[PDB]
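So the sequences go chain by chain: A and B.
The first sequence maps to residues 3 to 389 in the numbering used here.
The second sequence maps to residues 3 to 389 in the numbering used here.
Shown next, in structure tokens, is the structure this report addresses.
Protein chains: 2
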Amino acid sequence: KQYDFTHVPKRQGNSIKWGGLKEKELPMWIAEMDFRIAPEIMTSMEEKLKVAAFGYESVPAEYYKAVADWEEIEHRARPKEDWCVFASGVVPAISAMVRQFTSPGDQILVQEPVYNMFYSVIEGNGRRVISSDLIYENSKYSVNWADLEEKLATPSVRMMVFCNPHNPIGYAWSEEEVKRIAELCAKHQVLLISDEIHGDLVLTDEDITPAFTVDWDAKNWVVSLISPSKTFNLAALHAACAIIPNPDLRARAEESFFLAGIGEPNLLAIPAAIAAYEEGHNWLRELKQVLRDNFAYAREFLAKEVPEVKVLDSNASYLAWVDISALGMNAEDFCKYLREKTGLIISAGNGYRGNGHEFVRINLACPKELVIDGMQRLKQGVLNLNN
Amino acid sequence: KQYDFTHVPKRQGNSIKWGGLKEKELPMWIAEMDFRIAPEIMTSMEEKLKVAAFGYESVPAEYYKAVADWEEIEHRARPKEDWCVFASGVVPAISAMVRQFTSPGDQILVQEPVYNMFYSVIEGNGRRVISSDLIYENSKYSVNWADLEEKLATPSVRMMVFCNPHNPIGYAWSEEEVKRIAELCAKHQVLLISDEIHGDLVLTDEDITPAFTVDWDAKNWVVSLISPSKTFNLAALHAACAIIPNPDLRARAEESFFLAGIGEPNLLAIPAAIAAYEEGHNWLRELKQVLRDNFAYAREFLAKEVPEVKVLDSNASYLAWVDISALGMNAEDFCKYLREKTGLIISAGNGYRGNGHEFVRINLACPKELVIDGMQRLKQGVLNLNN
Ligand SMILES: Cc1ncc(COP(=O)(O)O)c(C=O)c1O
Ligand SMILES: Cc1ncc(COP(=O)(O)O)c(C=O)c1O
């Protein structure tokens, strides 16, 4: 290993994951890593600070080239550089496109259970969430394609926020899955917002199919959203990119970003994202080895010692989605009890809606010692409910 | 001098002010400085990068306490910390509050000539600009109070965006003026948005009266917006703060910031803004003397060498508002010609509406060597018109 995946970075006091924690508490909930970032990214940030003045910045061509090269090398899918639009973050970008591309009262389709912020930005903006729930049978989720299409074909359903890879279940959709969803959207004149923030984190030999790769019958109805945030542990960098093949939709999205105040990079976003996308390949390769090892440990350990929970098969993300239905306890109550009894803090599934009240979500992007600790604490919590 | 005000910071290529220039061009248009930032802010950024991991961050109580301390020490006007809400930018905060507190088609009052982004955020959001124009007589601007009140009393006039100190004329309103405008707004149930981003840059012995200091007859109708960005040359830091005494308005504004994606700090906003507001007093004191020296130089040089222009008397900001009406040329025509013939790039006043076509705006926040160069180029451009 050329990089450090053993030492937990010591945060300042306002960290959400680590701030204000009792002693020995173990946070494994919010989706950020307990690894130092790639030193090539750190080098770029430290070089930028040498300017020692931080006035207004433009988005350089080098930024879009870096995004396009990254998508080509890592995902065999090069976007055209002119498809790319900087935004300060994925969820702010979705929020702006909700306002620009739908009207108040319109419905926006998601596939529950899904990332909670999708509901916040839809409902907070005065749009209405509609779900084609994922079907859960035999420890696997699947799409009810007829229901999905009937909902997309509804006149007031105007946008689909598609989570690709899907958070929290950790599923990188197949090529014909993505192509089918895009064709359904296009046929029914629905804009497909493809949130691909987990796209660099496919752990099997499968890979992401970005929405921008679908053929031109449908490519004019898609937006791909990417960011180095999840991949490189850079949530607070506020650097993202919308990839929008449709030139007019693209320009409208850009204008909505500027009006909302999310179209201009902060003092680090451009050099740091360029460094990640140009020089982060080796660090990501080693990261995936660590994550595969951590998932292998969690799956082997919970299969052997905690048969009352079921880690779902997932091919993407560093988040494990764990069926706790056999405990007969609402996930929020269980997570509260588990924290009080063991100090382990994991995410209750309820906020993802769908059938999330039967699940917990566990963040495995930390050093293996923390994974070993956390799994034992989860075992302790499950078996002491038995008493 | 303890600090460096002679060396221009060496920017990277994607700078709005210094990027894409031709040989020997001298930019003095956009409002950012050509000074290094205070070393106390610089160190806080360098130390924060050492965390080497940038996940999610809360806004700590210490941020609002630093805002309160700064306002108390610099302006003798201590806001209650509970009034304060982080936002990533002043103009984005105005944009969010336009959408939250007015309806499409409603009128929003400004005082022309005024900062061009006021028009952008009002009209881009589908609201209508109404102006109570500042009256311009004898090289000074004044308020038509009857006209202002008549417009505020119009039912469709729902918000006033108040520039305090006023850009581009560089005028810090008197206490009586701020209180009078606030009471007019409250009397007619108009929300007063007081943009105080220039409030730390009063160059005379006068000071700003922040809107949040008005008495409670009217304090429930005001929002004060502040930021270290103008004061400390931190446009790209994306740290600002709304001060909203009314708790119901405060709750609604805070939710609007979160929905727009401007309510959460990037990786540097918190420690850098805190260092600025806790340790930037001495640097700002030295900056103000450098700015006064540059304004003194420019006024004396232009009075002696270019009597065809008149630098207006101003008490705030580092932007000179220069009456070019004696040149007999539209400011946009003059500034184009000036850049072509001399390479000096200043702002045409046309974008500020009002009587801005008779003015240019010149940024004096740069080393004296650049002020001398810029003044000579401006003289040469004036000289070459009647040749
Ligand atoms: C599916 C998904 N989208 C978006 C985000 C957050 O993205 P950003 O912080 O750039 O807004 C997350 C959280 O990591 C996520 O899981
Ligand atoms: C009056 C005024 N308001 C707002 C701004 C922009 O501030 P921010 O970048 O924090 O949105 C400026 C830029 O100098 C300004 O002059």
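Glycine included, each C-beta is placed from N, C-alpha and C at the ideal position.
| message | Here's the rule: buried if 16 or more other CB atoms are within 10 angstroms of the residue's CB, otherwise exposed. What is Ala-328 of chain B? | response | exposed
| Proximal residues to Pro-273 of chain B (C-beta, below 6 Å), its chain only, five neighbours per side dropped | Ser-46, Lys-50
| task | Below 7 Å CB to CB, which residues in the same chain sit around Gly-15 of chain A once its five sequence neighbours on both sides are set aside? | result | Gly-21
| field | Backbone secondary structure at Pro-309 of chain A - three-state DSSP | value | coil
| Looking only at DSSP bridge pairs, what is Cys-368 of chain A linked to? | In DSSP, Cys-368 of chain A forms no bridge with anything.
| Hey, would you say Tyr-58 of chain B sits closer than 7 Å to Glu-34 of chain A, going by beta carbons? | yes
| said: Contact defined as beta carbons within less than 8 Å: I believe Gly-172 of chain A pairs with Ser-316 of chain A. What is the distance between those atoms, to the nearest angstrom? | reply: 3 Å
| said: For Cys-187 of chain A, list the residues DSSP reports as bridge partners. | reply: None, per the DSSP bridge assignment.
| Near-chain B residues of the segment 53-65 of chain A (beta-carbon distance less than 9 Å), N- to C-terminal order | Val-53, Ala-54, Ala-55, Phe-56, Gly-57, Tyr-58, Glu-59, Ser-60, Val-61, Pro-62, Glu-64, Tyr-65
| request: At 8 Å on the CB atoms, spell out the chain A contacts of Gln-382 of chain B, in chain order. | output: In chain order: nothing, as chain A lies at least about 27 Å away.
| field | Proximal residues to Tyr-65 of chain B (C-beta, below 7 Å), its chain only, five neighbours per side dropped | value | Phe-88, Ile-272, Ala-275, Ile-276
| Thinking C-beta only, is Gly-353 of chain A closer than 7 Å to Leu-28 of chain A? | no
| request: Measure from the C-beta of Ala-238 of chain B to each C-beta in chain A and report whether the shortest distance is under 7 Å. | output: yes
| request: Report the residues of the segment 189-216 of chain A with a CB closer than 7 Å to any CB of chain B, ordered along the chain. | output: none
| task | Check residue 1 of chain A in the structure and name its three-state DSSP category. | result | In the structure displayed, chain A extends from 3 to 389; residue 1 of chain A sits before or after that span and is not available.
| message | Is it the case that the segment 228-242 of chain A contacts the segment 201-209 of chain A, given that we only count it when at least three CB pairs across the two stretches are under 8 Å? | response | yes
| beta strand (DSSP E) containing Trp-323 of chain B: first to last residue? | 321-325
| task | Assuming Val-123 of chain B and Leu-136 of chain B form a contact by the criterion Cβ under 8 Å, report the distance between their Cβ atoms to the nearest whole angstrom. | result | With a Cβ gap of about 20 Å, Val-123 of chain B and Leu-136 of chain B do not count as contacting.
| message | Taking its Cβ as the centre, do 16 or more other Cβ atoms sit within 10 Å of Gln-191 of chain A, making it buried, or is it exposed? | response | exposed
| Whose C-alpha, out of B:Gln-378, B:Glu-48, B:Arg-363, is nearest the C-alpha of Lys-343 of chain B? | B:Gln-378
| query | Under a CB-based cut-off of 7 Å, is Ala-367 of chain A close to chain B? | reply | no
| said: Tell me the DSSP secondary structure of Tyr-66 of chain B in three-state form. | reply: helix
| Quick one: is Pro-115 of chain B buried, meaning 16 or more other Cβ sit within 10 Å of its Cβ, or exposed? | buried
| Just to confirm, are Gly-376 of chain A and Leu-340 of chain A a CB contact at a threshold of 7 Å? | no
| Closest to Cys-368 of chain A by CA distance: which of A:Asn-388, A:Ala-300, A:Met-99 is it? | A:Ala-300
| task | For the beta strand (DSSP E) containing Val-163 of chain B, list its first residue and its last residue. | result | 159-165
| query | Exposed or buried, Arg-294 of chain A, counting other C-beta atoms within 10 Å across all chains shown (16 or more means buried)? | reply | exposed
| task | Anything in chain D within Cβ reach of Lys-142 of chain A, meaning under 9 Å, just list it in chain order. | result | Among the protein chains in the structure shown, which are A and B, there is no chain D.
| Which residues bound the beta strand (DSSP E) around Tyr-138 of chain A? | 137-139
| Is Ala-213 of chain A closer than 7 Å to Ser-229 of chain A when the C-beta atoms are compared? | no
| request: Could you have a look at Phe-361 of chain A and say whether DSSP puts it in helix, strand or coil? | output: strand
| query | Do we get a CB-CB distance below 7 Å when we pair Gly-345 of chain A with the residues of chain B? | reply | no
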